[PDB]
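# experimental coordinates follow, after the sequence.
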Amino acid sequence: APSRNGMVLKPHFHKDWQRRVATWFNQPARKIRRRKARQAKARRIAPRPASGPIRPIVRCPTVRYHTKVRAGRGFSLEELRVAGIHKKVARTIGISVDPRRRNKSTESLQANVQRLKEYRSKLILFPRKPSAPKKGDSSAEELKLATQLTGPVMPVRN
Amino acid sequence: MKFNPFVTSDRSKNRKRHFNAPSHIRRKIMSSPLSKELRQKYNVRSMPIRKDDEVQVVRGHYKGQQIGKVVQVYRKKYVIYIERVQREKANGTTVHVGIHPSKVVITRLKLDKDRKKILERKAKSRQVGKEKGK
Amino acid sequence: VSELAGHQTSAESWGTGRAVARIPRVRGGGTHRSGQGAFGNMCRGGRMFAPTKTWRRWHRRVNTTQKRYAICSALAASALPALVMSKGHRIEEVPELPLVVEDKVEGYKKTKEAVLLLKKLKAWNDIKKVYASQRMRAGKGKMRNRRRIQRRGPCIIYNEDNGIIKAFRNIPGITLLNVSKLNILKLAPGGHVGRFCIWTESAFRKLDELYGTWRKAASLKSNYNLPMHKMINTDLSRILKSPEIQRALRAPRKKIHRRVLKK
RNA sequence: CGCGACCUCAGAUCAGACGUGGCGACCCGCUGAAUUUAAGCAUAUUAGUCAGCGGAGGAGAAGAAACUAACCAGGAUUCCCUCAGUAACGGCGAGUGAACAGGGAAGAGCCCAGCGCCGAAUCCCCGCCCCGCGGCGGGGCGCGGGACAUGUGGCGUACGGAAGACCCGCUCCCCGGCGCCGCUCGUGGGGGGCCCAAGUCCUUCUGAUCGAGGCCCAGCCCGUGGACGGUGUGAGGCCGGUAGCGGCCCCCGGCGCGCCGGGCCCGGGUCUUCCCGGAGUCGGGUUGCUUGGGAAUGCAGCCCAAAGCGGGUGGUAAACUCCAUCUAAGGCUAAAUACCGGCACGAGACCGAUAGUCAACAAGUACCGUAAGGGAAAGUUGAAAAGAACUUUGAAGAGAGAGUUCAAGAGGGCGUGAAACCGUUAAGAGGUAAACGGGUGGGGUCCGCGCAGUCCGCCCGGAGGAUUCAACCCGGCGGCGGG
RNA sequence: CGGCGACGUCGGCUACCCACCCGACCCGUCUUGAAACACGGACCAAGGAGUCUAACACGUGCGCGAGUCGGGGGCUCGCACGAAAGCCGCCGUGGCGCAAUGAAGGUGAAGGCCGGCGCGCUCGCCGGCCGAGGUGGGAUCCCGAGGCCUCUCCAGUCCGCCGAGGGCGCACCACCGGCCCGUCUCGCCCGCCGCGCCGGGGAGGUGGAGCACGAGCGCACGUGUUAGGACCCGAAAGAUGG
RNA sequence: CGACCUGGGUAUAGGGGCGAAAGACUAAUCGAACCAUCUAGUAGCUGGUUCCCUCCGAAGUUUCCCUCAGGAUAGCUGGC
RNA sequence: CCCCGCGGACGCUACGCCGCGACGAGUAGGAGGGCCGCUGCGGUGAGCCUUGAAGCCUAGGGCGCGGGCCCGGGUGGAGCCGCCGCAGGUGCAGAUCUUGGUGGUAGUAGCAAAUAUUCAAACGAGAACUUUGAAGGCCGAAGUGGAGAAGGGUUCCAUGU
RNA sequence: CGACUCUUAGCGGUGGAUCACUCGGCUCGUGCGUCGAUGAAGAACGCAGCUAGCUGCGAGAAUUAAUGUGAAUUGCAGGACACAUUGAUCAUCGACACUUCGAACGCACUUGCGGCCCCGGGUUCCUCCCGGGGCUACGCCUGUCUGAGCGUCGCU
Ligand SMILES: [Mg+2]
Ligand SMILES: [Mg+2]
Ligand SMILES: [Mg+2]
Ligand SMILES: [Mg+2]
Ligand SMILES: [Mg+2]
Ligand SMILES: [Mg+2]
Ligand SMILES: [Mg+2]
Ligand SMILES: [Mg+2]
Ligand SMILES: [Mg+2]
Ligand SMILES: [Mg+2]
Ligand SMILES: [Mg+2]
Ligand SMILES: [Mg+2]
Ligand SMILES: [Mg+2]
Ligand SMILES: [Mg+2]
Ligand SMILES: [Mg+2]
Ligand SMILES: [Mg+2]
Ligand SMILES: [Mg+2]
Ligand SMILES: [Mg+2]
Ligand SMILES: [Mg+2]
Ligand SMILES: [Mg+2]
Ligand SMILES: [Mg+2]
Ligand SMILES: [Mg+2]
Ligand SMILES: [Mg+2]
Ligand SMILES: [Mg+2]
Ligand SMILES: [Mg+2]
Ligand SMILES: [Mg+2]
Ligand SMILES: [Mg+2]
Ligand SMILES: [Mg+2]
Ligand SMILES: [Mg+2]
Ligand SMILES: [Mg+2]
Ligand SMILES: [Mg+2]
Ligand SMILES: [Mg+2]
Ligand SMILES: [Mg+2]
Ligand SMILES: [Mg+2]
Ligand SMILES: [Mg+2]
Ligand SMILES: [Mg+2]
Ligand SMILES: [Mg+2]
Ligand SMILES: [Mg+2]
Ligand SMILES: [Mg+2]
Ligand SMILES: [Mg+2]
Ligand SMILES: [Mg+2]
Ligand SMILES: [Mg+2]
Ligand SMILES: [Mg+2]
Ligand SMILES: [Mg+2]
Ligand SMILES: [Mg+2]
Ligand SMILES: [Mg+2]
Ligand SMILES: [Mg+2]
Ligand SMILES: [Mg+2]
Ligand SMILES: [Mg+2]
Ligand SMILES: [Mg+2]
Ligand SMILES: [Mg+2]
Ligand SMILES: [Mg+2]
Ligand SMILES: [Mg+2]
Ligand SMILES: [Mg+2]
Ligand SMILES: [Mg+2]
Ligand SMILES: [Mg+2]
Ligand SMILES: [Mg+2]
Ligand SMILES: [Mg+2]
Ligand SMILES: [Mg+2]
Ligand SMILES: [Mg+2]
Ligand SMILES: [Mg+2]
């Protein structure tokens, strides 16, 4: 029975919720496990960026957020085409590709392709055979200047 | 203090392990300090107890400089029996008194092939530790 | 408690026409357990009233500004000899209460030289008090691995760890604390401020970056300035005896008028 | 009216394999209530929940859009925060109730059928020989058999592809071995085994000491070790252990290099010519369940049943009209995620033997029921058995002496040993049941250093003592004030 | 001021027994009413009942304040304590609040005085200022005639206290207006790249959980209500599988 | 001497069986067995509800309810 | 302008101390304080303890209105507590409460279905119940006889206590 | 004077509360995350010098071998064991072995009864008996062999 003034409340506890309760006591252990896996993966891929491949510059969909820009899933096929990168080589050199994304505005297209050119100018390519380099990069360029990068690759700034 | 995350400090767990310890490590548990002369002759401090070595009791009712040879290492009771460390019961006969080996000092070691090898390993490890410390 | 406790039984009530209480009783026969009560908080073997459960909200979240406020208050309190002596930290021959030493102690490796440092800083009586206070805890904590208890010694605060942790850490009561990761649970031991602290010089210099002055803000924190006072001059006796107050008062009425007998 | 081929079938203790059953905490596919709430009760709710059945793995399921959106667009799945107790559903009552976008964790993409092209290039099995055994592999040979044109393999899949030309770049793969590293990297990677500091120093308590004092030298000694347990109390130094980018031994595994052996085969750009897709499926009608999905979200039964500038979606049924979006009816895929069962561990502001698991103990035991099933109680001598020798009465139980022990007023269900109840001893009393409150009196058991009652500041006098007072000098230290 | 003080007595009663006088029915519970011929209770020991979570509301304590909050993630020798603590800041996404109103399309909170003009037509163009109006109370604060002093006055010097009256008026209250949104009644103007079935504006009632110079957010504690086993024990029943 | 008594072997199972019919019997249980679970089922109904002192201190009345052994609401109360 | 005197009581944990006036019933219920009590944690007491901790007993001495507490004596043999905060599975006479133990009843009811025993002796510490013998009786062949099925599972048979 | 009863104390009984102890739980967290026709889970029956339970084990039966360790095990007995012409004990466990049911597998079981193929003995190799060994379940894949069809054909 209600008594005097007060909100009319509808608690959703009519359904035996005690059997399904998620307790978060393993939250710090989960954080440590995630951190350890992060460190192990970064250790495994030594010169490559730890965070992952470069993601494209992408505008947010709806009218609430379209003024804002975030990171996308991968660079579009057209962006790769006009950047001069084969779509089967971009992923190996560390570029996320999003085949199912089409471009609608040349402004966003140009932003992404300038990003791709900038990444290609920032890339250090180890030769496949360490003894015999074909066209990769310079010995002085990679003897010490190639080191692991933390955080997003060329981060997106509003 | 203790930092190994795989080594317990629980009193109950430690007592369970101690009282349920297998015989081959009950031997290690039943270890006794060497005398000063033995601790000088060999660069080792303690030594697990054996059937036929001669000790002297340092604590309890039977203290004294008398050198008595062990005659029994009763590992289930975690005691040893010594030659003249005995006690006479009511009917006239006599038995031995259980004594924890930690309450005696070994004065002479029953040397054979194995004891010398154990002494060698312990002395080598002590030398390694002190030379790292220097 | 185990959610199954007190309920692993098929007991049902006997009824009402059998001259016994209506609490559920275990079925079956041929044993002591059959017919005994069950399922009640009053019954031997029944589950407790309101079995405590793991979803009890053990953790509390405190405002970050309040946490920094507490750290500032503890740091300020450690600098008052009345408060630290009130904690009983044996600071009698300490040359100066905000005790700061050179960074050479950060390079200490041996407990021998750490102890010699304490002895030359006249803090060894604190450790002696800790040694004299080691004893056995009263109660079930002995069964629950908290067998031995002792007092809190001084707190060593360091900027860079160059083995100073290993040099210390075999001294009972010594708590080693990085200056950029200060802990209120160690600065105020039992909820009462005033713990004796020994600062390395680099850690002492870093305090104006960690918590800032009032003229500047803290730089090593994104946004924090030191809390403001609500009372600058706290010397109440001096204030009351100031002439400006004394001229505005009326004279004291110091004659006690007791009850007068009605003759 | 026999002999062959094919098709469709059958048998076999045929040659060689595979499945079954268990666990089931987590997961997947079904089936599926009622108690309860609505203050009644039938829709609703409990709930797609319990119970029931089937199938797995270390995770499972999902998953690379027949998507979300309507934007200046995003872009597989899964999980967390939020959206949100919202949109919506609902005897529009009780109640129920998501999704998008945003931020994070993790991030990985792909393969067939078809359309075509390539002398079936394809695969299995059986023999012989060689190199390997480690999960049976490779090489070679067989006018050895078989599968297969009712279609094996190569290219190739919606991100367009292929074939020709023209141009540009030769750019370097995998697998299995030999030897060697840095060996592996928060400091060997893992597993196993054996070791590593310092008081039993002096005096003392005790039954025993691990207790209490002491150790001048800056301080008994070690301390990268003062966690823990054991030892006759309560131990950093008696012992095991503890700390340590400590030592040694054995075994096991992936990483690079030089060699060897095998398999291995052309990539990109421009132009021309071709080629492009999954059907009793979509969709519609109806029915029943389900959903927040409301003129019908999804699932399924039945009836109808397609198209190719087509189809699906665009959260109000319909016609016309433009636009946006994806490409259904085939398949694979790690990570983030779950885990009350299993193996091995660590910890606790939890419980301390009527508690905590039913189970600290010969506990799923004893025992009960035909059975499905139900299911207890039950810890503690002592440091050491030193577990009471021996004498003595009784037939023995059981006593009385004696003996052990610090203790048997710890003597085998033996730590301490409460209350209810009882026996005995002592005191007191008793014909209105006991017991109770208020007030005294008597008695008794104890308490009071009870038994000649204080003390202590100044002054007076007597008898005595004295590193002797004040005032000055020297030195030290404070407190206050000084334009 | 007196008496009495050690193996006999002095003082002590909460505490032990006994006696006597007065009073005095057995507790709990339901109940208008229990000592009740009402129910439970033979005795004793141990266990034994408003707990936790979630959601609100209000009061209070704390921090910051038109902001506040890292709770999820991440970064820091990973781990005795530490599963803690600290940091992020282009991690503030987001939540709550800083705006309301209508079903919705939508719309969305500044006035006051002093002037010249039209007609100061109940009004359009400005200017100058100020910046939420006015009334009546309103703690507090401010001014203040007039007094209160000494061994005394003829003459002013420094400051204190009392004070009739006067003023500014905090919060808050009662009212009168003003502005925002919805909806009625009336009537006239304005705008223009789309002259429109376009858009904007006024006056007068009336509906709103509004505005009218913010008060919230986070954490903690208490009380109350509800969902949950829900203060503890209790059905007759229902369903599933054996 | 019969529609007789009786052993053993079988068959029928719970909203079912079986009944020369009493709702009788179905393992001492039958107007729906027993076992375990949903389940700590629900109860406006009965019983109980654990330390001391100090201060304040009631109502059995209005209105509405498938309301009459109950609630909401006003009143009475305390606290801030 | 103090000084032959250099001196002059207590106080005020301000969350404290002191003064004056009025008042004191109380169920259900509400609120305040608790140096009331229990258990565990963080601090603190150079706390207590084998020259004796907890516990329990007491015709011992007291304190508080009370919750309760302190101390003395005894037993016991190993841990315990004060103060400041923190957190509760925190206080029992009831619940035909649960578990365990114990009383009165009470040396009471009762050891009364189916006719029945007696004498001597043996062993034996001990004989109404054993054994032997002598009597007297019952079952009376549809038995109190001799064997089996089902069920029981060693009860069968010696010897000893 | 006693008996009985009541109250209080001392002591002794009954009882097992309290207090202390704890090889037990409960809760959380981590790392793995592994059964079975090559016979699982479960059950039954057995195995010790003296052994009923608990535990361990399978007729090699409270265990064999191997490796590590290095003088015991222990309630009593007995007995090895130069501990190097090699070793008690315990641990690890990779070799060996692992009775009867049980998915349970020749058929069936509250019992029992077969069939095929080798080997050994009586036989004196031929087929009767006894003993030993190996097969003898269902479904299903690929292949093999034997086949059926007035199924569709071809030659005759
Ligand atoms: Mg990431
Ligand atoms: Mg329990
Ligand atoms: Mg205690
Ligand atoms: Mg075969
Ligand atoms: Mg209902
Ligand atoms: Mg109801
Ligand atoms: Mg009903
Ligand atoms: Mg329904
Ligand atoms: Mg289920
Ligand atoms: Mg299965
Ligand atoms: Mg999968
Ligand atoms: Mg899949
Ligand atoms: Mg639902
Ligand atoms: Mg093909
Ligand atoms: Mg696709
Ligand atoms: Mg110890
Ligand atoms: Mg120790
Ligand atoms: Mg040592
Ligand atoms: Mg180590
Ligand atoms: Mg007990
Ligand atoms: Mg128990
Ligand atoms: Mg007898
Ligand atoms: Mg004793
Ligand atoms: Mg006892
Ligand atoms: Mg008595
Ligand atoms: Mg009443
Ligand atoms: Mg009545
Ligand atoms: Mg009454
Ligand atoms: Mg009456
Ligand atoms: Mg009656
Ligand atoms: Mg009643
Ligand atoms: Mg009664
Ligand atoms: Mg009772
Ligand atoms: Mg943290
Ligand atoms: Mg925002
Ligand atoms: Mg909200
Ligand atoms: Mg006003
Ligand atoms: Mg208004
Ligand atoms: Mg309320
Ligand atoms: Mg009838
Ligand atoms: Mg019956
Ligand atoms: Mg209940
Ligand atoms: Mg019930
Ligand atoms: Mg009605
Ligand atoms: Mg009633
Ligand atoms: Mg009065
Ligand atoms: Mg009163
Ligand atoms: Mg309780
Ligand atoms: Mg009681
Ligand atoms: Mg109690
Ligand atoms: Mg009561
Ligand atoms: Mg009688
Ligand atoms: Mg009789
Ligand atoms: Mg006769
Ligand atoms: Mg006769
Ligand atoms: Mg017979
Ligand atoms: Mg017999
Ligand atoms: Mg007694
Ligand atoms: Mg062996
Ligand atoms: Mg048969
Ligand atoms: Mg034919």
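Structure received. Numbering: from 1, shown residues only, chains lettered A, B, ... in the order given. Ligands and ions are numbered 1, 2, ... in the order given.

# which residue is nearest the middle of chain A?
For chain A, the residue sitting closest to the mean C-alpha position, by Cα atoms, centre = their mean, is residue A:55 at 5.3 Å.

# what sits closest to it if chain neighbours are left out?
residue A:71 (4.0 Å; Cβ to Cβ, 6 or more residues apart in numbering or on different chains). All C-beta spots, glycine's among them, are computed from the backbone N, C-alpha and C.

# how many residues are close by residue 83?
Using chain A here. 18 (other Cβ atoms under 10 Å in any protein chain shown).

# if you could check chain C rather than the one you did, that'd help
If you count neighbours by other Cβ under 10 Å, residue C:83 ends up with 18.

# contacting residues around the closest residue to it other than its chain neighbours?
Spatial nearest neighbour of residue C:83, chain neighbours left out: residue C:194 (3.4 Å); criterion: Cβ to Cβ, 6+ apart. Residue C:194 is in contact with C:77, C:78, C:80, C:83, C:84, C:86, C:87, C:89, C:188, counting by Cβ atoms under 8 Å, 6 or more residues apart in numbering or on different chains.

# out of those, which is nearest to RNA strand G?
The nearest member of the contacts of residue C:194 to RNA strand G, counting by Cβ to the nearest atom of the strand, is residue C:87 at 5.1 Å.

# tell me which parts of chain B are close to RNA strand H?
Residues of chain B found near RNA strand H (Cβ under 7 Å from any atom of the strand) are B:11-13, B:15-16, B:19-20, B:22-27, B:48-51, B:72-76, B:112-115, B:117-118.

# which of the residues you listed are buried?
By neighbour count, with 16 or more other Cβ atoms under 10 Å in any protein chain shown, those hold B:26, B:48, B:49, B:50, B:73, B:75 as buried.

# which residues touch the stretch of helix or strand residue B:47 belongs to?
In the assignment (DSSP states H and E), residue B:47 maps to strand B:46-48. With Cβ under 8 Å, 6+ apart as the test, strand B:46-48 has contacts from B:27, B:28, B:30, B:31, B:32, B:33, B:34, B:106, B:109, B:118, B:119.

# in CSV: those residues, plus secondary structure and distance to residue C:103.
Shown next, in CSV, are the contacts of strand B:46-48 (DSSP: H, G, I helix; E, B strand; the rest coil; distance: Cβ to Cβ, whole Å):
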residue, secondary structure, distance to residue C:103
B:27, helix, 51
B:28, helix, 45
B:30, coil, 50
B:31, strand, 45
B:32, strand, 48
B:33, strand, 43
B:34, strand, 45
B:106, strand, 50
B:109, coil, 52
B:118, helix, 47
B:119, helix, 46
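
# nearest to RNA strand H, of those residues?
For those, the nearest to RNA strand H is residue B:118 (4.7 Å; Cβ to the nearest atom of the strand).

# can you tell me which residues contact that closest one?
B:47, B:48.

# could you check how far it is from residue B:41?
Going from residue B:118 to residue B:41 by Cβ to Cβ, to the nearest Å gives 15 Å.

# over to residue C:166?
For residue C:166 relative to residue B:41 (Cβ to Cβ), the value is 34 Å.

# again, but for residue A:99
With Cβ to Cβ as the criterion, residue A:99 and residue B:41 are 82 Å apart.

# give the contact list for the residue lying closest to residue B:52 once chain neighbours are set aside.
In this structure, residue B:52 finds its nearest non-sequential neighbour in residue B:110, 4.5 Å apart by Cβ to Cβ, 6+ apart. For residue B:110, the contact set (Cβ under 8 Å, 6+ apart) comprises B:50, B:51, B:52, B:53.

# taking those residues, tell me the two that lie furthest apart.
Every pair in these was compared (Cβ to Cβ); the two farthest apart turn out to be B:51 and B:53, at 7.7 Å.

# what does stretch A:138-148 contact?
Contacts for stretch A:138-148 (Cβ under 8 Å, 6+ apart): A:42, A:46, A:47, A:48, A:49, A:50, A:124, A:125, A:126, A:133, A:136.

# quick check on the residue in chain C that chain B sits nearest to: phi, psi?
Nearest residue of chain C to chain B: residue C:145, at 5.9 Å (Cβ to the nearest Cβ). Here the main-chain torsion angles of residue C:145 (degrees, to the nearest 10) amount to phi 70, psi -10.

# residue contacts, it?
B:9, B:10, B:11.

# narrow these to those in strands?
Among the contacts of residue C:145, DSSP state E puts none in strands.

# count the neighbours of residue C:136 for me.
Number of residues near residue C:136 (other Cβ under 10 Å) recorded here: 9.

# would the helix or strand where residue B:131 lies count as contacting RNA strand D?
Here residue B:131, judged by DSSP H and E, is contained in helix B:113-133. Yes: between helix B:113-133 and RNA strand D, judged by Cβ under 7 Å from any atom of the strand, the touching residues are B:118, B:121, B:122, B:124, B:125, B:126, B:128, B:129, B:130, B:132, B:133.

# take these and write them to JSON lines, including distance to residue C:36.
Shown next, in JSON lines, are the residues of helix B:113-133 next to RNA strand D (distance: Cβ to Cβ, whole Å):
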{"residue": "B:118", "distance to residue C:36": "60"}
{"residue": "B:121", "distance to residue C:36": "62"}
{"residue": "B:122", "distance to residue C:36": "61"}
{"residue": "B:124", "distance to residue C:36": "67"}
{"residue": "B:125", "distance to residue C:36": "62"}
{"residue": "B:126", "distance to residue C:36": "64"}
{"residue": "B:128", "distance to residue C:36": "66"}
{"residue": "B:129", "distance to residue C:36": "64"}
{"residue": "B:130", "distance to residue C:36": "68"}
{"residue": "B:132", "distance to residue C:36": "67"}
{"residue": "B:133", "distance to residue C:36": "67"}
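
# got a quick PyMOL command for the buried subset of those?
This is the PyMOL syntax for the buried subset of the residues of helix B:113-133 next to RNA strand D, where burial follows 16+ other Cβ under 10 Å:
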select buried, chain B and resi 122
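
# among the residues of helix B:113-133 next to RNA strand D, which two are most distant?
Of all the pairs that these form, the one spanning the most space (Cβ to Cβ) is B:118 and B:133, at 22.8 Å.
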